[PDB]
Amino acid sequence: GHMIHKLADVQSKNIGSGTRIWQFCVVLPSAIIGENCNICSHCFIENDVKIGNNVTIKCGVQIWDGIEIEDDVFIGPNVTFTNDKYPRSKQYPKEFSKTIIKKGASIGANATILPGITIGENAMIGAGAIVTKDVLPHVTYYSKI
């Protein structure tokens, strides 16, 4: 089975065995979540979303439509994803940009990921980084201070 906290609003039935979803999470009906994930408190997970197995999503993360997370990915707290490069209120694009975070990659706390981004397998994104371009497999990327 999976553990859905009574204080979460989980509307998806597509949740793998051993997955925990914690307090004050919202998960919309079409979200797919694999086995042995940890979805920590205060996350939002939209409809057009696929999350693999053994994925850690720390508190305060929103996963928008068009975002895929592969197996064994770590997403740090307050990591921010985007799917609309030039957002204007009530101006809905035909297609949202797709982001993919590839197997085993890690995104540091409070990093910001621009639309249409690929983060390669086993990459490491520094805490607080702004990711405006694809990060290659196994690369450590951070924003200079």
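Start at 1 with the first residue shown and count on from there.
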- Entry B factor averaged over C-alpha atoms, 43 to 51 against 92 to 100: higher for 92 to 100
- Note on the structure: Quick note on 62 to 70 and 22 to 30: per-entry mean CA temperature factor is higher in 62 to 70
- Item | Third of the chain, ranked by Cα B-factor, where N83 sits | middle
- Where does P137 sit by CA temperature factor within its chain: lowest, middle or highest third? middle
